[PDB]
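Take a look at this single chain in structure tokens; it is the form deposited in one PDB entry.
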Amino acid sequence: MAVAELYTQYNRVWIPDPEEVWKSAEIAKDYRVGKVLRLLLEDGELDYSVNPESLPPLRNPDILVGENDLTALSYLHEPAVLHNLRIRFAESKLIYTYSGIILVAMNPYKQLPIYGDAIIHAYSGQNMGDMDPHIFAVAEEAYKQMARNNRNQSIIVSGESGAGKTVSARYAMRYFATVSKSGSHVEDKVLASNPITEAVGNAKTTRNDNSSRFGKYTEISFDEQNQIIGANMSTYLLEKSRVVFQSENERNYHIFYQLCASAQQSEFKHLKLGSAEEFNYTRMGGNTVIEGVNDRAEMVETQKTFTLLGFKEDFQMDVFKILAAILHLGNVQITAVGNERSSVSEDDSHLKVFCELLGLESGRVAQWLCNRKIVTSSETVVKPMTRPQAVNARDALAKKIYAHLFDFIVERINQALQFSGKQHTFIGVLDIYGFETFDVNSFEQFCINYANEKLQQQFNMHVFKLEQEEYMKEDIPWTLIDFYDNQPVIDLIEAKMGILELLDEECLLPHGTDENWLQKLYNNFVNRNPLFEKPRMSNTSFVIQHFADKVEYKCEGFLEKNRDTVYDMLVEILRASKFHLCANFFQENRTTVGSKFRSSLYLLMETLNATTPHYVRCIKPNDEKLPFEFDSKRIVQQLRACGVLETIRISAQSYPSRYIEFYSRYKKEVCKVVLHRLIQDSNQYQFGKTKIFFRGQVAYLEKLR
């Protein structure tokens, strides 16, 4: 129709380019309705092959600065979004951009002076959209709605590893803490909870120098005057294998390096530590230092933060003792005796420190690192362990001790953040590990990536399903916006016949194996479920089509990691610990890791669904942690994965403000003909079965009051 009349001389379009995904091209001669199109490139010209139905994407008119909200784009398509963000990022140094209520945040990889108190208060009391896009605006909007509607809110940040979720979450929490002040100083303690959990919960990966290896949901509690009174942290599966293993250029958890960097301080001498390079549990990656990070200085800050939360020096030394003990455990020499047996010397210097610190008997530990007890009714058998088996038992114990320590710190943080008053409302801040893939992906990545699928599902259910259904039930004209439903890959993972259920099945077999489980995966899903693949050149791995990328998983270690057990005799020894904190960990007060995880995510998703969400979509602009560097191919891959274009389409098309409430606030044939004969714009508001939808057309009537 008129479409062809838009493609004329002097006009520009987007065409595929390998490097920048899309490249611009100017139209030479006007277009004729119905097969080709002549364009003048930046360097030369060609007759662009064209589909008369789907002509090349029209380019938008240049503006001095990229529009603050992408819904404002006349021609809404992928090239427009990619280009607007590039211009705002590379040229204007703007990391934040609106897609309606949904915020897009680009990782600058550079400190920006835009988070000060003056700016915080400039955003306070303002309406969403009045100010430039900013994480504070998202936070203010949630605060505004909580107070005005007495409704619980959620800040839900998303994106792949290193995109900037944790940073966004912390700045949102800082905003809340500042505008709630002056409380009659609980705010300082709520904020302190983040860096503590980072010290024991974050570590350097090749994607992120400060990668979160656990999921976090922090409910911030408010009183009736909307002042912070406390908070509660829910954590989700910590990466345990991190304690005893690192791949090249990766580190263990930060606090180990903070501790080792403090080895020669007087207060720490009794822990008998050395450099991080002495210990097997911290040296494995080949590099113990993070560029720009002084681990000794971080130890000092960590100690201040513990103190801020009310954890005195003795409490701090007690956790440091556990951490030191774990390090020494990793350096306990286990030697091979023949081919079937292992041995640990009771005089092993690291074993002695380990036992001194945790108050254990060295003869007992050495014995039961290298042997296992088998109790039947008829008898008790003691079998030797091979050195590999002994190492595995040793490392399992280390992981278990650390897991308890982490839970213990979280629990005590929650005790310190408790309140006696009544919780009027709360704002929940979600910060979980983001999508990640490496040369070698295992059980850890599978769980993280499954969690990210569920979050994308929760986003989609709210933004696309629930929202568009409301319109259809209210019976108004609505053109449907398509989105990619990731329910299938989710079912493949979590449902009755799923990967995780099959893993649980194999784990019940006493002679279960990773290989037998993998074969069952092949048989059930190869050439049967499209989202499941077997590489042509591998009989040890499987591939999953996730919303964001395809990921290849090695089967090795899935059973072990799903079972997550320690030998009874080792647990019994630590249960008899003469160190109070350790004995508490292993005191006596079925389901697998995979099953506990599913249940935890189910409860989290329904927690979120019972709040008003506020979505922040974080994008990692490049893979080299470079300041304001725009990698087009990687960015467009993330935009597609998060359904950013579709989010903008439904954002532009949606009615922001939504009969019985109409009359009383300020039959249905009357109220309509009343408003119709009141405002000359019939398009400025659409009437439904039981509600009238106002396009900011609703704000006009407000000021008339």
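Heads up, when I say rigid core I mean the largest set of C-alphas that superpose within 1.5 Å between the two forms. Residue numbers run from 1 along the displayed sequence.
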property: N589-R590 interval: deposited residues absent from the model; result: 10 or more
property: Absent coordinates between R695 and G696 - deposited residues affected, binned into four classes; result: 1 to 3
property: Stretch with the greater mean C-alpha B-factor as recorded in the entry, comparing 435-443 against 73-81; result: 73-81
property: Of 279-287 and 413-421, the stretch whose C-alpha atoms average the higher B-factor in the entry; result: 413-421
property: Per the PDB entry, maximal CA B factor within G201, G129, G215, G330; result: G129
property: Chain third (lowest, middle, highest) by recorded CA B-factor, residue given as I102; result: highest
property: CA B-factor ranking of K554, expressed as a third of its chain; result: middle
property: Relative C-alpha B-factor of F459, binned into the chain's lowest, middle or highest third; result: lowest
property: CA B-factor ranking of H134, expressed as a third of its chain; result: lowest
property: Where the record places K400 (Cα B-factor, split into thirds across the chain); result: lowest
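The same protein has a further form, the form deposited in another entry, not shown here; the description that follows concerns it.
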query	finding
Flag for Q686, CA shift 2 Å or larger between this form and the one not shown after aligning core	yes
CA of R640, rigid core aligned, shift of 2 Å or more between this form and the one not shown	no
